[PDB]
Structures are given as C-alpha cells and as structure tokens.
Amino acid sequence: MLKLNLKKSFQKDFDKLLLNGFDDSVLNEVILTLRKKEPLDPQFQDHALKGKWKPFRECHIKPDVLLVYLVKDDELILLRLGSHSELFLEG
C-alpha cells in the first residue's frame, strides 16, 4: 500500500477534532481505501481540487469534516482535516 505521510497541519487538525468529539472510524476506513488506490463510494464526494489547491483532492468524512489529501511518489499525504471554513476560508 501507499506509505502514509501525515503533515503536521493534519495532525493539529485531527487533535482539535478529537477534543471536539470526532469519531475517526470512517476516516480510518477512507484512509485505508486511499492507500490501496481504490475508489471512494459516492457519499464521500471525492474529487480533485482546483486553482491554488491543485494537485490535492478532497473527500467528505462528515458534512463539516473534509479530508484534503494527495497521492504522490508512493505516499498518501494527508494535508488537512476540518470544515470548509477552516480549510478554505481562512477560518
């Protein structure tokens, strides 16, 4: 499988979510699927980001919990985990 690369930005987001009650079970399943280069099912709204954010992709773990990630050179890079406002609106 791909090697995981958790950026520090992702670690901080994850630790903040945990303190706010986040359950990471679905996240873990999504991560494994991505590491195996398999497609996510339709609920995850998996897609490529545009503009500034290329070449990253985004999927929805929950409606206010988005995962921003990239497959590059044998890694799955996990960049951010949080709300649309936190990730994209400087929140």
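So that there is no doubt, residue numbering starts at 1 and follows the sequence shown.
Engineer: Look over 37 to 45 and 22 to 30 in the entry and identify the one with the greater average Cα temperature factor.
Structural biologist: According to the entry, 37 to 45 carries the higher average C-alpha B-factor.
Engineer: Taking the entry's C-alpha B-factors for this chain, is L66 in the lowest, middle or highest third?
Structural biologist: For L66, the deposited C-alpha B-factor lands in the lowest third.
Engineer: Can you tell me which third, lowest, middle or highest, the CA B-factor of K50 falls into for its chain?
Structural biologist: Its C-alpha B-factor, which the entry lists for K50, ranks in the highest third among residues of this chain.
Engineer: What third of the chain, by the recorded C-alpha B-factor, contains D74?
Structural biologist: Highest third.
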